[PDB]
file start-v3.cif (mmCIF, C-alpha atoms and all ligand atoms)
data_input
#
loop_
_atom_site.label_atom_id
_atom_site.label_comp_id
_atom_site.auth_asym_id
_atom_site.auth_seq_id
_atom_site.Cartn_x
_atom_site.Cartn_y
_atom_site.Cartn_z
CA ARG S 5 22.21 1.54 -20.98
CA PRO S 6 22.89 2.38 -17.32
CA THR S 7 24.76 0.22 -14.82
CA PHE S 8 22.66 -2.06 -12.61
CA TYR S 9 23.37 -3.52 -9.17
CA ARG S 10 21.75 -6.37 -7.26
CA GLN S 11 20.62 -6.87 -3.67
CA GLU S 12 18.10 -8.89 -1.67
CA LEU S 13 15.35 -7.09 0.26
CA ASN S 14 12.77 -9.07 2.26
CA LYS S 15 13.43 -12.37 0.47
CA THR S 16 13.21 -10.61 -2.90
CA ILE S 17 15.94 -9.77 -5.42
CA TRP S 18 16.10 -6.13 -6.56
CA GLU S 19 18.31 -5.25 -9.55
CA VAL S 20 18.12 -1.52 -10.32
CA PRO S 21 20.14 1.18 -12.08
CA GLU S 22 22.76 2.68 -9.81
CA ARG S 23 21.00 6.04 -9.97
CA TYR S 24 18.56 4.64 -7.38
CA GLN S 25 20.30 4.29 -4.02
CA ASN S 26 19.39 3.48 -0.42
CA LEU S 27 16.49 1.13 -1.17
CA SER S 28 14.35 0.44 1.96
CA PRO S 29 11.30 -1.93 1.87
CA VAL S 30 8.04 0.13 2.21
CA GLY S 31 5.65 -2.89 1.95
CA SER S 32 4.27 -5.39 -0.61
CA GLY S 33 1.70 -2.94 -2.04
CA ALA S 34 -0.26 -3.97 -5.23
CA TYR S 35 0.58 -6.87 -7.63
CA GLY S 36 4.16 -6.11 -6.52
CA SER S 37 6.54 -5.03 -3.74
CA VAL S 38 7.43 -1.31 -3.12
CA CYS S 39 10.81 0.10 -1.88
CA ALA S 40 11.52 3.79 -1.09
CA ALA S 41 14.75 4.99 -2.73
CA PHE S 42 16.94 8.04 -3.27
CA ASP S 43 17.22 9.18 -6.91
CA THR S 44 20.78 10.49 -7.22
CA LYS S 45 20.05 12.07 -10.62
CA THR S 46 17.37 14.40 -9.22
CA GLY S 47 17.89 14.37 -5.46
CA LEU S 48 14.29 13.23 -4.92
CA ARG S 49 12.87 10.36 -2.89
CA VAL S 50 11.13 7.86 -5.15
CA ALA S 51 8.97 4.77 -4.79
CA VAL S 52 10.06 1.75 -6.84
CA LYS S 53 7.54 -1.04 -7.43
CA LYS S 54 8.76 -4.43 -8.65
CA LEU S 55 6.00 -6.40 -10.33
CA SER S 56 5.50 -9.95 -9.06
CA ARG S 57 5.46 -12.75 -11.64
CA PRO S 58 4.64 -10.31 -14.47
CA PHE S 59 4.59 -12.95 -17.25
CA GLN S 60 3.64 -16.14 -15.43
CA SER S 61 0.23 -16.57 -17.12
CA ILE S 62 -1.77 -14.84 -19.85
CA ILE S 63 -3.74 -13.16 -17.05
CA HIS S 64 -0.60 -11.69 -15.47
CA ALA S 65 1.05 -10.74 -18.77
CA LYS S 66 -2.05 -8.87 -19.94
CA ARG S 67 -2.52 -7.10 -16.59
CA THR S 68 1.16 -6.13 -16.63
CA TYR S 69 0.70 -4.66 -20.11
CA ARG S 70 -2.49 -2.89 -19.02
CA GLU S 71 -0.88 -1.28 -15.99
CA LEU S 72 2.22 -0.13 -17.89
CA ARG S 73 0.10 1.30 -20.73
CA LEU S 74 -2.10 3.10 -18.20
CA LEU S 75 0.73 4.56 -16.13
CA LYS S 76 2.55 5.75 -19.25
CA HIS S 77 -0.53 7.67 -20.40
CA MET S 78 -1.34 9.54 -17.19
CA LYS S 79 0.26 12.99 -16.84
CA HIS S 80 -1.68 14.85 -14.13
CA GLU S 81 -0.73 16.29 -10.75
CA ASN S 82 -3.46 14.36 -8.90
CA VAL S 83 -2.82 10.99 -10.61
CA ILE S 84 0.14 8.73 -9.89
CA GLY S 85 2.59 8.92 -12.78
CA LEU S 86 5.73 7.29 -14.12
CA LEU S 87 9.12 8.85 -13.49
CA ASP S 88 10.87 5.79 -14.94
CA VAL S 89 10.27 2.18 -15.96
CA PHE S 90 13.15 -0.24 -16.44
CA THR S 91 14.14 -3.89 -16.70
CA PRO S 92 17.60 -5.39 -16.06
CA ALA S 93 17.15 -7.44 -19.25
CA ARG S 94 19.28 -6.53 -22.27
CA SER S 95 17.05 -8.41 -24.73
CA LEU S 96 13.52 -9.75 -25.06
CA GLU S 97 14.87 -13.29 -24.58
CA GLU S 98 15.91 -12.53 -20.99
CA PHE S 99 13.09 -10.05 -20.27
CA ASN S 100 11.44 -11.28 -17.07
CA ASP S 101 11.09 -8.40 -14.59
CA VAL S 102 9.50 -4.94 -14.70
CA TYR S 103 10.20 -2.11 -12.27
CA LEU S 104 8.15 1.11 -12.04
CA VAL S 105 9.23 4.42 -10.47
CA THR S 106 7.14 7.39 -9.18
CA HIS S 107 7.60 10.18 -6.60
CA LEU S 108 7.61 8.88 -3.01
CA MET S 109 4.32 9.75 -1.24
CA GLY S 110 4.27 9.74 2.55
CA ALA S 111 0.84 8.39 3.52
CA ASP S 112 -2.66 7.53 2.34
CA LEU S 113 -5.98 9.13 3.18
CA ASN S 114 -6.85 6.26 5.53
CA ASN S 115 -3.75 6.98 7.63
CA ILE S 116 -4.78 10.65 7.86
CA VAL S 117 -8.49 10.28 8.63
CA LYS S 118 -7.85 7.64 11.31
CA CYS S 119 -5.04 9.57 13.02
CA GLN S 120 -6.79 12.96 13.05
CA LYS S 121 -10.12 14.69 12.45
CA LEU S 122 -10.21 16.96 9.41
CA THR S 123 -11.49 20.53 9.32
CA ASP S 124 -13.90 21.53 6.57
CA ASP S 125 -11.12 23.40 4.79
CA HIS S 126 -8.97 20.29 4.46
CA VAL S 127 -11.99 18.29 3.29
CA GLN S 128 -12.55 20.87 0.56
CA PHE S 129 -8.93 20.63 -0.61
CA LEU S 130 -8.67 16.84 -0.48
CA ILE S 131 -11.95 16.17 -2.27
CA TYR S 132 -11.18 18.92 -4.79
CA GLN S 133 -7.97 17.13 -5.74
CA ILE S 134 -9.71 13.76 -6.02
CA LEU S 135 -12.30 15.25 -8.34
CA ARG S 136 -9.66 17.06 -10.41
CA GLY S 137 -7.77 13.81 -11.00
CA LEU S 138 -11.03 11.98 -11.70
CA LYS S 139 -12.07 14.52 -14.32
CA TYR S 140 -8.78 13.72 -16.07
CA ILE S 141 -9.12 9.93 -15.74
CA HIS S 142 -12.74 9.90 -16.89
CA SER S 143 -11.97 12.15 -19.86
CA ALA S 144 -9.78 9.32 -21.19
CA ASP S 145 -12.73 6.87 -20.88
CA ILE S 146 -11.04 5.16 -17.90
CA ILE S 147 -12.99 4.14 -14.80
CA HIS S 148 -11.11 3.69 -11.54
CA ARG S 149 -13.70 1.22 -10.12
CA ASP S 150 -11.99 0.79 -6.71
CA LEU S 151 -11.58 4.25 -5.22
CA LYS S 152 -11.11 4.15 -1.46
CA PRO S 153 -9.01 6.00 1.13
CA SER S 154 -6.08 3.56 0.90
CA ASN S 155 -5.80 4.27 -2.87
CA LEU S 156 -5.37 8.02 -2.25
CA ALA S 157 -1.73 8.92 -1.64
CA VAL S 158 -1.08 12.13 0.29
CA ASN S 159 2.01 13.97 1.55
CA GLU S 160 2.57 16.58 4.25
CA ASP S 161 1.70 19.47 1.91
CA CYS S 162 -1.76 17.79 1.71
CA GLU S 163 -1.09 17.19 -1.99
CA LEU S 164 -3.04 14.14 -3.16
CA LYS S 165 -2.70 11.58 -5.95
CA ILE S 166 -4.97 8.74 -7.11
CA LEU S 167 -3.37 5.27 -7.18
CA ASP S 168 -4.35 1.99 -8.90
CA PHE S 169 -6.79 3.52 -11.45
CA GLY S 170 -8.20 1.28 -14.19
CA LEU S 171 -6.82 -1.95 -12.70
CA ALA S 172 -8.97 -5.08 -12.44
CA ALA S 184 -17.35 -6.57 5.71
CA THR S 185 -17.56 -5.82 1.92
CA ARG S 186 -16.45 -2.79 -0.15
CA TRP S 187 -17.90 0.15 1.86
CA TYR S 188 -17.09 2.46 -1.11
CA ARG S 189 -18.63 0.41 -4.01
CA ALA S 190 -21.62 1.84 -5.90
CA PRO S 191 -24.96 0.07 -5.29
CA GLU S 192 -25.43 -0.92 -8.94
CA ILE S 193 -22.23 -2.94 -8.52
CA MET S 194 -23.54 -4.69 -5.39
CA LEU S 195 -26.47 -5.66 -7.66
CA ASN S 196 -24.01 -6.95 -10.28
CA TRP S 197 -25.22 -4.61 -13.03
CA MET S 198 -22.85 -5.27 -15.91
CA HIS S 199 -23.33 -1.85 -17.59
CA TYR S 200 -22.21 0.39 -14.74
CA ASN S 201 -20.34 3.50 -15.89
CA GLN S 202 -17.87 6.11 -14.65
CA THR S 203 -20.34 7.50 -12.10
CA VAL S 204 -19.45 4.52 -9.90
CA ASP S 205 -16.35 6.54 -9.00
CA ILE S 206 -18.47 9.55 -7.97
CA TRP S 207 -20.35 7.30 -5.57
CA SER S 208 -17.02 6.29 -4.03
CA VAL S 209 -16.01 9.96 -3.67
CA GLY S 210 -19.26 10.67 -1.82
CA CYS S 211 -18.55 7.84 0.62
CA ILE S 212 -14.99 9.09 1.14
CA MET S 213 -16.17 12.68 1.63
CA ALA S 214 -18.76 11.64 4.19
CA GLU S 215 -16.10 9.74 6.13
CA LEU S 216 -13.74 12.72 6.20
CA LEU S 217 -16.56 14.92 7.53
CA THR S 218 -17.83 12.52 10.21
CA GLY S 219 -14.80 10.35 10.97
CA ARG S 220 -17.02 7.29 10.46
CA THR S 221 -17.47 4.85 7.60
CA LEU S 222 -20.71 5.81 5.91
CA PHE S 223 -21.74 2.30 4.78
CA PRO S 224 -19.84 -0.33 6.80
CA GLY S 225 -21.63 -3.34 5.35
CA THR S 226 -20.70 -6.87 6.40
CA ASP S 227 -21.32 -8.38 2.93
CA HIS S 228 -22.77 -7.37 -0.42
CA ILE S 229 -26.39 -7.87 0.74
CA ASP S 230 -25.92 -5.90 3.97
CA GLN S 231 -23.99 -3.27 1.99
CA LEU S 232 -27.00 -2.62 -0.26
CA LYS S 233 -29.34 -2.60 2.74
CA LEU S 234 -27.31 0.12 4.45
CA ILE S 235 -27.20 2.16 1.24
CA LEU S 236 -30.97 1.97 0.72
CA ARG S 237 -31.60 2.98 4.34
CA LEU S 238 -29.98 6.37 3.61
CA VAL S 239 -30.91 7.11 -0.03
CA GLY S 240 -34.20 5.18 -0.12
CA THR S 241 -35.46 2.34 -2.26
CA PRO S 242 -35.55 2.97 -6.03
CA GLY S 243 -38.25 5.22 -7.42
CA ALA S 244 -40.36 4.38 -10.44
CA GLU S 245 -38.00 6.14 -12.87
CA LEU S 246 -35.04 4.01 -11.74
CA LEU S 247 -37.10 0.81 -11.68
CA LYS S 248 -37.91 1.28 -15.37
CA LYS S 249 -34.16 0.95 -16.11
CA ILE S 250 -33.61 -2.45 -14.44
CA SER S 251 -33.65 -5.20 -17.06
CA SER S 252 -32.67 -8.13 -14.82
CA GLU S 253 -35.87 -9.87 -13.72
CA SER S 254 -34.36 -11.38 -10.56
CA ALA S 255 -33.02 -7.95 -9.58
CA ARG S 256 -36.24 -6.06 -10.26
CA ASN S 257 -38.21 -8.72 -8.36
CA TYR S 258 -35.77 -8.50 -5.43
CA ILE S 259 -35.86 -4.71 -5.34
CA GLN S 260 -39.67 -4.56 -5.41
CA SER S 261 -39.94 -7.26 -2.71
CA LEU S 262 -38.07 -5.08 -0.22
CA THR S 263 -40.08 -2.97 2.18
CA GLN S 264 -39.97 0.58 0.85
CA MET S 265 -37.43 2.91 2.47
CA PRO S 266 -37.72 6.72 2.27
CA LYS S 267 -34.82 8.93 1.36
CA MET S 268 -33.37 10.39 4.54
CA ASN S 269 -32.73 14.11 4.81
CA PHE S 270 -28.96 14.54 4.57
CA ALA S 271 -29.11 17.86 6.45
CA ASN S 272 -30.18 15.85 9.51
CA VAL S 273 -27.82 12.92 8.91
CA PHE S 274 -24.79 15.21 8.49
CA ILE S 275 -25.97 17.78 11.04
CA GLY S 276 -23.24 20.31 11.78
CA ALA S 277 -21.50 19.92 8.43
CA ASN S 278 -20.99 22.80 6.04
CA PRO S 279 -24.36 22.94 4.22
CA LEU S 280 -22.50 23.25 0.92
CA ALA S 281 -20.78 19.95 1.72
CA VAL S 282 -24.17 18.37 2.46
CA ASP S 283 -25.57 19.67 -0.83
CA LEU S 284 -22.69 18.09 -2.76
CA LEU S 285 -23.06 14.76 -0.93
CA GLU S 286 -26.73 14.74 -1.95
CA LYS S 287 -25.62 15.13 -5.56
CA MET S 288 -23.00 12.37 -5.43
CA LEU S 289 -24.94 9.75 -3.44
CA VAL S 290 -27.88 9.53 -5.82
CA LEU S 291 -29.14 5.99 -6.26
CA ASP S 292 -29.84 6.39 -10.01
CA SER S 293 -26.39 6.62 -11.60
CA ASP S 294 -27.74 8.66 -14.53
CA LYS S 295 -28.60 11.51 -12.12
CA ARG S 296 -25.30 11.55 -10.21
CA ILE S 297 -23.10 14.62 -10.56
CA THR S 298 -20.04 14.21 -12.80
CA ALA S 299 -16.49 15.06 -11.75
CA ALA S 300 -16.37 18.07 -14.07
CA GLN S 301 -19.69 19.31 -12.72
CA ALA S 302 -18.64 18.74 -9.12
CA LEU S 303 -15.52 20.90 -9.53
CA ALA S 304 -17.79 23.87 -10.30
CA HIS S 305 -19.87 23.32 -7.14
CA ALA S 306 -19.76 26.24 -4.71
CA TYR S 307 -18.19 23.98 -2.06
CA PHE S 308 -14.90 24.32 -3.95
CA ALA S 309 -15.19 28.06 -4.69
CA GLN S 310 -11.76 28.75 -3.09
CA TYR S 311 -9.91 26.13 -5.24
CA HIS S 312 -11.89 25.84 -8.48
CA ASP S 313 -10.01 27.17 -11.52
CA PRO S 314 -11.66 26.16 -14.81
CA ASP S 315 -8.47 27.05 -16.73
CA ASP S 316 -6.41 24.64 -14.58
CA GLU S 317 -8.56 21.47 -14.60
CA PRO S 318 -7.26 19.68 -17.68
CA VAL S 319 -8.48 16.69 -19.63
CA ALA S 320 -6.44 13.77 -20.96
CA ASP S 321 -5.37 12.78 -24.44
CA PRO S 322 -7.34 9.93 -26.06
CA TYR S 323 -6.49 6.50 -24.66
CA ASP S 324 -6.64 3.41 -26.87
CA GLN S 325 -8.04 0.47 -24.89
CA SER S 326 -8.58 -1.74 -27.95
CA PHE S 327 -6.06 -4.31 -26.68
CA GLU S 328 -8.54 -5.27 -23.95
CA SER S 329 -10.57 -7.28 -26.48
CA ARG S 330 -7.60 -9.21 -27.89
CA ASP S 331 -6.75 -12.87 -27.28
CA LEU S 332 -2.95 -13.22 -27.42
CA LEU S 333 -0.19 -15.56 -26.28
CA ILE S 334 1.94 -14.86 -23.21
CA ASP S 335 4.98 -14.27 -25.39
CA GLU S 336 3.04 -11.66 -27.36
CA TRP S 337 1.87 -9.80 -24.26
CA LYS S 338 5.46 -9.95 -23.00
CA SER S 339 6.84 -8.57 -26.27
CA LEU S 340 4.26 -5.78 -26.25
CA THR S 341 5.26 -4.92 -22.69
CA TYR S 342 8.94 -4.95 -23.64
CA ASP S 343 8.17 -2.51 -26.45
CA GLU S 344 6.48 -0.23 -23.94
CA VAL S 345 9.48 -0.35 -21.59
CA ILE S 346 11.96 0.47 -24.34
CA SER S 347 9.89 3.30 -25.82
CA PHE S 348 9.42 5.07 -22.47
CA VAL S 349 10.47 8.74 -22.48
CA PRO S 350 10.97 10.24 -19.00
CA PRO S 351 9.00 13.42 -18.29
CA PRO S 352 10.85 16.75 -18.52
CA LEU S 353 12.97 17.55 -15.47
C1 LIG N 1 -3.45 -0.29 1.17
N1 LIG N 1 -2.44 -0.13 0.08
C2 LIG N 1 -2.97 0.71 -1.04
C3 LIG N 1 -1.96 0.74 -2.18
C4 LIG N 1 -0.61 1.28 -1.70
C5 LIG N 1 0.46 1.59 -2.73
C6 LIG N 1 1.42 2.56 -2.47
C7 LIG N 1 2.30 2.92 -3.49
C8 LIG N 1 3.17 4.11 -3.27
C9 LIG N 1 3.17 5.17 -4.17
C10 LIG N 1 3.91 6.30 -3.88
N2 LIG N 1 4.64 6.44 -2.77
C11 LIG N 1 4.63 5.42 -1.91
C12 LIG N 1 3.93 4.25 -2.11
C13 LIG N 1 2.18 2.23 -4.71
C14 LIG N 1 3.09 2.46 -5.86
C15 LIG N 1 4.48 2.43 -5.67
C16 LIG N 1 5.35 2.70 -6.69
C17 LIG N 1 4.88 3.01 -7.98
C18 LIG N 1 5.75 3.34 -9.05
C19 LIG N 1 5.25 3.67 -10.28
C20 LIG N 1 3.89 3.70 -10.51
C21 LIG N 1 3.01 3.39 -9.50
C22 LIG N 1 3.48 3.04 -8.21
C23 LIG N 1 2.61 2.75 -7.13
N3 LIG N 1 1.24 1.29 -4.90
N4 LIG N 1 0.38 0.97 -3.91
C24 LIG N 1 -0.12 0.46 -0.51
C25 LIG N 1 -1.17 0.44 0.60
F1 LIG N 2 -27.43 -9.36 -6.26
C1 LIG N 2 -28.58 -10.01 -5.99
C2 LIG N 2 -29.08 -10.95 -6.88
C3 LIG N 2 -30.26 -11.60 -6.58
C4 LIG N 2 -30.94 -11.33 -5.39
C5 LIG N 2 -32.22 -11.99 -5.00
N1 LIG N 2 -33.21 -12.15 -5.86
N2 LIG N 2 -34.18 -12.74 -5.17
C6 LIG N 2 -33.86 -12.98 -3.90
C7 LIG N 2 -32.57 -12.50 -3.73
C8 LIG N 2 -31.74 -12.53 -2.51
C9 LIG N 2 -32.25 -12.16 -1.27
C10 LIG N 2 -31.43 -12.21 -0.15
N3 LIG N 2 -30.16 -12.58 -0.17
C11 LIG N 2 -29.66 -12.94 -1.35
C12 LIG N 2 -30.40 -12.93 -2.52
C13 LIG N 2 -30.41 -10.38 -4.52
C14 LIG N 2 -29.23 -9.71 -4.81
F1 LIG N 3 -31.49 -1.00 -5.73
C1 LIG N 3 -30.88 -0.38 -6.76
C2 LIG N 3 -29.75 0.36 -6.53
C3 LIG N 3 -29.14 1.00 -7.60
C4 LIG N 3 -29.65 0.89 -8.88
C5 LIG N 3 -29.00 1.57 -10.02
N1 LIG N 3 -28.52 2.79 -9.85
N2 LIG N 3 -28.01 3.14 -11.03
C6 LIG N 3 -28.14 2.19 -11.95
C7 LIG N 3 -28.79 1.12 -11.35
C8 LIG N 3 -29.11 -0.13 -12.03
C9 LIG N 3 -29.02 -1.36 -11.36
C10 LIG N 3 -29.31 -2.53 -12.02
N3 LIG N 3 -29.67 -2.59 -13.30
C11 LIG N 3 -29.75 -1.43 -13.95
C12 LIG N 3 -29.49 -0.20 -13.38
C13 LIG N 3 -30.81 0.13 -9.08
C14 LIG N 3 -31.43 -0.51 -8.02
#
call {"tool": "encode", "arguments": {"input": "start-v3.cif", "output": "structure tokens", "more": "lines below"}}
Ligand SMILES: CN1CCC(c2cc(-c3ccncc3)c(-c3ccc4ccccc4c3)nn2)CC1
Ligand SMILES: Fc1ccc(-c2n[nH]cc2-c2ccncc2)cc1
Ligand SMILES: Fc1ccc(-c2n[nH]cc2-c2ccncc2)cc1
result
Amino acid sequence: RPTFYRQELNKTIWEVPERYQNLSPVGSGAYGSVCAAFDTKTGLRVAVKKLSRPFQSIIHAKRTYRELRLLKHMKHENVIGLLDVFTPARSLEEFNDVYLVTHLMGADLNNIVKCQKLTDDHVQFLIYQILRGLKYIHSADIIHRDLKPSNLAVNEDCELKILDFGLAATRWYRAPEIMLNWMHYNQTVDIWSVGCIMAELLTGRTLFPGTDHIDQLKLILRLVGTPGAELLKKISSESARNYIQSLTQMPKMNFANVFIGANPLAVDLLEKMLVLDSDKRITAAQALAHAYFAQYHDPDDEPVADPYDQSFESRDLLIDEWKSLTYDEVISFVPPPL
């Protein structure tokens, strides 16, 4: 066991191993607070997240377990990963706090797109890295479900990592089937989000800046058109099908006119991501092979993930049992090779 030390940062107590020095508050990001720090063992700048109230309710205890299980499984250059996870507790009896450690990332995609316009070459590289991480995530049967610019961490090398995967105006990046509350949406919802992000990087403008869920769907249908007969056959909900058919029909717009002046390969890919029928949307693996990424695509360096057991999601357990399971996962953590 290492030696811990205690301090207060922004009305919050931080107790960390002495290997982490020079903690500076970076902001209350996520179900937790984040501090930048200097890792004396490696010489690298790290981000340390302290979870808030991790075992206060069954909801929190399960979510804490879910996030730790998820972060421990991900080992990919374009997905946020765990350098370390620790607790100051010496036993389960006094186990009450969980701290997570990853490499410090300088900014998010929202900070970049707002502060500067991006050339087509940067768009290629950024979207390529999103899709490469997504191929990995999806191969483990994990859906992100909330991809957006602020969940994409980026540093000055333009290296990118996906944050907050698999966890839990209205969402401008959410797939339309979600706005319609379809309960059997699948991993292609993330491809829709990537299309919206890509469009924004190319134009500098939010593609679908809806004011609420109804307006969000309206804006979407204005660009991609109202559902065709093939898609209508797949809608079981009677209220939804009746609503969709009651709308005045909208034609699909030509993306080459909407994104005039963009690389026509970029436009072709957007067409393939922003398809209304989720069954016809391009997958992450397929998108990586698209000619738009010809200068980065390497089929021998686009790996998939090990199998990921999500069976715990269907279990009904006590707080103390979720806490014990989380404790087990803290103690069994093995840091990645230096
Ligand atoms: C709109 N917000 C979108 C979310 C965002 C954010 C940044 C960070 C973050 C990540 C990396 N380098 C700086 C900040 C984190 C975060 C921090 C530490 C971690 C340690 C282990 C595992 C995961 C971790 C996630 N989590 N969330 C804040 C802004
Ligand atoms: F997600 C949904 C669910 C139901 C509806 C709906 N069905 N019939 C009428 C509506 C409707 C129309 C306008 N604003 C809200 C709801 C619209 C969207
Ligand atoms: F208006 C729309 C917009 C999107 C969809 C849709 N796209 N992919 C899957 C669906 C879908 C939506 C609701 N129920 C089943 C399937 C269906 C109707």
call {"tool": "closest_residue", "arguments": {"input": "start-v3.cif", "among": "S:250, S:122, S:13, S:75", "to": "ligand LIG 3 (chain N)", "atoms": "only C-alpha atoms and all ligand atoms"}}
result
S:250
call {"tool": "closest_residue", "arguments": {"input": "start-v3.cif", "among": "S:192, S:88, S:81, S:328", "to": "residue S:165", "atoms": "all atoms listed in the file"}}
result
S:81
call {"tool": "closest_residue", "arguments": {"input": "start-v3.cif", "among": "S:195, S:146, S:275, S:20", "to": "residue S:168", "atoms": "only C-alpha atoms"}}
result
S:146
call {"tool": "residues_near_ligand", "arguments": {"input": "start-v3.cif", "ligand": "ligand LIG 1 (chain N)", "cutoff": "9 Å", "atoms": "all atoms listed in the file", "output": "ChimeraX atom specification"}}
result
/S:30-40,50-54,71-72,75,84-89,103-112,114,152-158,165,167-168
call {"tool": "atom_distance", "arguments": {"input": "start-v3.cif", "atom1": "atom CA of residue S:126", "atom2": "atom CA of residue S:217"}}
result
9.8 Å
call {"tool": "residues_near_ligand", "arguments": {"input": "start-v3.cif", "ligand": "ligand LIG 2 (chain N)", "cutoff": "7 Å", "atoms": "all atoms listed in the file", "output": "VMD selection string"}}
result
chain S and resid 194 to 196 229 254 to 255 257 to 258
call {"tool": "closest_residue", "arguments": {"input": "start-v3.cif", "among": "S:298, S:339, S:325, S:260", "to": "ligand LIG 3 (chain N)", "atoms": "only C-alpha atoms and all ligand atoms"}}
result
S:260
call {"tool": "closest_residue", "arguments": {"input": "start-v3.cif", "among": "S:324, S:145, S:294, S:163", "to": "residue S:132", "atoms": "all atoms listed in the file"}}
result
S:163
call {"tool": "closest_residue", "arguments": {"input": "start-v3.cif", "among": "S:344, S:253, S:283, S:321", "to": "ligand LIG 3 (chain N)", "atoms": "only C-alpha atoms and all ligand atoms"}}
result
S:253
call {"tool": "closest_atom_pairs", "arguments": {"input": "start-v3.cif", "of": "chain S", "to": "ligand LIG 3 (chain N)", "cutoff": "9 Å", "atoms": "all atoms listed in the file", "output": "CSV"}}
result
residue,atom,partner,partner_atom,distance
S:190,CA,N:LIG3,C3,7.8
S:191,CA,N:LIG3,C3,4.9
S:192,CA,N:LIG3,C9,4.4
S:193,CA,N:LIG3,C9,7.5
S:194,CA,N:LIG3,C2,8.1
S:195,CA,N:LIG3,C10,6.1
S:196,CA,N:LIG3,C10,7.1
S:197,CA,N:LIG3,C10,4.7
S:198,CA,N:LIG3,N3,7.8
S:199,CA,N:LIG3,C11,7.4
S:200,CA,N:LIG3,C6,6.8
S:201,CA,N:LIG3,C6,8.8
S:203,CA,N:LIG3,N2,8.9
S:204,CA,N:LIG3,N2,8.7
S:232,CA,N:LIG3,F1,7.3
S:233,CA,N:LIG3,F1,8.9
S:235,CA,N:LIG3,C2,8.4
S:236,CA,N:LIG3,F1,7.1
S:240,CA,N:LIG3,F1,8.8
S:241,CA,N:LIG3,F1,6.2
S:242,CA,N:LIG3,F1,5.7
S:243,CA,N:LIG3,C14,8.9
S:246,CA,N:LIG3,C13,6.3
S:247,CA,N:LIG3,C13,6.8
S:248,CA,N:LIG3,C11,8.7
S:249,CA,N:LIG3,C11,5.5
S:250,CA,N:LIG3,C11,4.0
S:251,CA,N:LIG3,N3,6.1
S:252,CA,N:LIG3,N3,6.5
S:255,CA,N:LIG3,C10,7.0
S:256,CA,N:LIG3,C14,7.7
S:258,CA,N:LIG3,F1,8.6
S:259,CA,N:LIG3,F1,5.7
S:260,CA,N:LIG3,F1,8.9
S:290,CA,N:LIG3,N1,7.9
S:291,CA,N:LIG3,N1,4.8
S:292,CA,N:LIG3,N1,3.8
S:293,CA,N:LIG3,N2,3.9
S:294,CA,N:LIG3,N2,6.5
S:295,CA,N:LIG3,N2,8.5
S:296,CA,N:LIG3,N2,8.9
call {"tool": "residues_around", "arguments": {"input": "start-v3.cif", "residues": "residue S:80", "least_positions_apart": "4", "cutoff": "10 Å", "atoms": "only C-alpha atoms", "output": "ChimeraX atom specification"}}
result
/S:84-85,136-137,140-141,165-166,317-320
call {"tool": "residues_around", "arguments": {"input": "start-v3.cif", "residues": "stretch 206-214 of chain S", "least_positions_apart": "5", "cutoff": "6 Å", "atoms": "only C-alpha atoms", "output": "NGL selection string"}}
result
:S and (151 or 188 or 190 or 285 or 288-289)
call {"tool": "atom_distance", "arguments": {"input": "start-v3.cif", "atom1": "atom CA of residue S:265", "atom2": "atom CA of residue S:237"}}
result
6.1 Å
call {"tool": "atom_distance", "arguments": {"input": "start-v3.cif", "atom1": "atom CA of residue S:322", "atom2": "atom CA of residue S:69"}}
result
17.7 Å
call {"tool": "residues_near_point", "arguments": {"input": "start-v3.cif", "point": "(4.6, -0.4, -22.7)", "cutoff": "8 Å", "atoms": "only C-alpha atoms", "output": "CSV table (one decimal) with C-alpha atoms, in the coordinates of the input"}}
result
chain,number,residue,atom,x,y,z
S,69,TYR,CA,0.7,-4.7,-20.1
S,72,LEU,CA,2.2,-0.1,-17.9
S,73,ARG,CA,0.1,1.3,-20.7
S,76,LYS,CA,2.6,5.8,-19.2
S,340,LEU,CA,4.3,-5.8,-26.2
S,341,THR,CA,5.3,-4.9,-22.7
S,342,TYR,CA,8.9,-5.0,-23.6
S,343,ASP,CA,8.2,-2.5,-26.4
S,344,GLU,CA,6.5,-0.2,-23.9
S,345,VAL,CA,9.5,-0.4,-21.6
S,346,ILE,CA,12.0,0.5,-24.3
S,347,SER,CA,9.9,3.3,-25.8
S,348,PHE,CA,9.4,5.1,-22.5
call {"tool": "residues_around", "arguments": {"input": "start-v3.cif", "residues": "residue S:274", "least_positions_apart": "2", "cutoff": "12 Å", "atoms": "only C-alpha atoms", "output": "NGL selection string"}}
result
:S and (213-220 or 222 or 238 or 268-272 or 276-286)
